[PDB]
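S.K.: Let me give you the structure first, and then I'll get to my questions.
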Amino acid sequence: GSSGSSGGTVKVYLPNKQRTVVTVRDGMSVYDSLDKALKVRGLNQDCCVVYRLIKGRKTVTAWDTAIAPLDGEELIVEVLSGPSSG
């Protein structure tokens, strides 16, 4: 959404129709990053997924992955759920 803000942070969209701004570090991973983002609610990196904003497409992300290559972007943290098949 309209947000004319440019600095050293990132917006994290939680599944709790909520969002949290985190600091962009060049070392930590997405897990250690979204870690709190989850704990804050009590979520876990087991039944949760993070989507990246690419050309307006939720591109799943890895936990082991780094958060360095995430300068100026937004991730969507959701809970793994849905009818796989059937």
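Following the order of the structure tokens, first chain is A, next is B, and so on, with residues numbered from 1 inside each chain and ligands from 1 in the order they appear.
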To test your reading of the structure, identify every residue in chain A that backbone DSSP assigns to helix (DSSP H, G or I), and report it as JSON, numbers by chain.

M.R.: {"A": [31, 32, 33, 34, 35, 36, 37, 38, 39]}

S.K.: Would you output that residue set with N, CA, C and O atoms, as a JSON list (two decimals), in the first residue's frame?

M.R.:
[["chain", "number", "residue", "atom", "x", "y", "z"],
["A", 31, "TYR", "N", 15.18, -16.78, 8.72],
["A", 31, "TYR", "CA", 14.66, -17.46, 9.90],
["A", 31, "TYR", "C", 14.89, -16.62, 11.16],
["A", 31, "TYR", "O", 13.95, -16.29, 11.87],
["A", 32, "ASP", "N", 16.16, -16.31, 11.40],
["A", 32, "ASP", "CA", 16.53, -15.52, 12.56],
["A", 32, "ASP", "C", 15.85, -14.15, 12.47],
["A", 32, "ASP", "O", 15.77, -13.44, 13.47],
["A", 33, "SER", "N", 15.40, -13.83, 11.28],
["A", 33, "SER", "CA", 14.73, -12.55, 11.05],
["A", 33, "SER", "C", 13.24, -12.68, 11.34],
["A", 33, "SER", "O", 12.71, -12.02, 12.23],
["A", 34, "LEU", "N", 12.59, -13.54, 10.56],
["A", 34, "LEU", "CA", 11.16, -13.77, 10.72],
["A", 34, "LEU", "C", 10.91, -14.50, 12.04],
["A", 34, "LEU", "O", 9.77, -14.63, 12.48],
["A", 35, "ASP", "N", 12.00, -14.96, 12.64],
["A", 35, "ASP", "CA", 11.91, -15.68, 13.90],
["A", 35, "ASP", "C", 10.94, -14.94, 14.83],
["A", 35, "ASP", "O", 9.84, -15.43, 15.10],
["A", 36, "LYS", "N", 11.39, -13.79, 15.31],
["A", 36, "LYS", "CA", 10.58, -12.98, 16.20],
["A", 36, "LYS", "C", 9.22, -12.70, 15.54],
["A", 36, "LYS", "O", 8.18, -12.90, 16.16],
["A", 37, "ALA", "N", 9.29, -12.24, 14.31],
["A", 37, "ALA", "CA", 8.08, -11.93, 13.56],
["A", 37, "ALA", "C", 7.03, -13.00, 13.83],
["A", 37, "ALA", "O", 5.83, -12.72, 13.80],
["A", 38, "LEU", "N", 7.51, -14.20, 14.10],
["A", 38, "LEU", "CA", 6.62, -15.32, 14.39],
["A", 38, "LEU", "C", 6.35, -15.38, 15.89],
["A", 38, "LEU", "O", 5.21, -15.29, 16.33],
["A", 39, "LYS", "N", 7.43, -15.54, 16.65],
["A", 39, "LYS", "CA", 7.33, -15.62, 18.09],
["A", 39, "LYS", "C", 6.36, -14.54, 18.59],
["A", 39, "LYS", "O", 5.47, -14.82, 19.39]]

S.K.: Out of chain A, which residues get strand (DSSP E) from DSSP, as a list in words?

M.R.: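 In chain A, DSSP puts these residues in strand (DSSP E): residues 9, 10, 11, 12, 13, 19, 20, 21, 22, 23, 48, 49, 50, 51, 52, 53, 58, 59, 60, 74, 75, 76, 77, 78 and 79 of chain A.
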
S.K.: For stretch 19-25 of chain A, please output as a PyMOL selection string all residues within 7 Å (counting only C-alpha atoms; exclusion window: fewer than 4 positions along the same chain).

M.R.: chain A and resi 8-14+37+67-68+71

S.K.: Write the residues you've just listed into a file as a compact mmCIF listing (two decimals), in the first residue's frame, and include C-alpha atoms for each of them.

M.R.:
# COMPACT_ATOMS: atom_id res chain seq x y z
CA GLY A 8 17.09 0.59 6.22
CA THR A 9 14.13 -1.59 7.11
CA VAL A 10 11.67 -4.11 5.72
CA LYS A 11 7.95 -4.70 6.14
CA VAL A 12 6.82 -8.14 7.24
CA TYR A 13 3.23 -9.19 6.65
CA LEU A 14 2.01 -11.66 9.25
CA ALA A 37 8.08 -11.93 13.56
CA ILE A 67 18.02 -11.65 4.43
CA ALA A 68 20.86 -9.62 2.97
CA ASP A 71 17.03 -4.62 0.26

S.K.: Using only C-alpha atoms for the distances, tell me which of A:83, A:1, A:56, A:15 is nearest to residue A:44.

M.R.: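 For residue A:44, the nearest of the given residues is A:15.
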
S.K.: Using only C-alpha atoms, which residue out of A:86, A:80, A:29, A:6 lies closest to residue A:43?

M.R.: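 Looking only at the distances to residue A:43, the closest residue turns out to be A:80.
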
S.K.: I need the residue nearest residue A:63 from this list: A:16, A:85, A:30, A:77. Use only C-alpha atoms for the distance.

M.R.: A:30

S.K.: A:58, A:28, A:47, A:17: which is nearest residue A:73, counting only C-alpha atoms?

M.R.: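 Counting only C-alpha atoms, the residue closest to residue A:73 is A:58.
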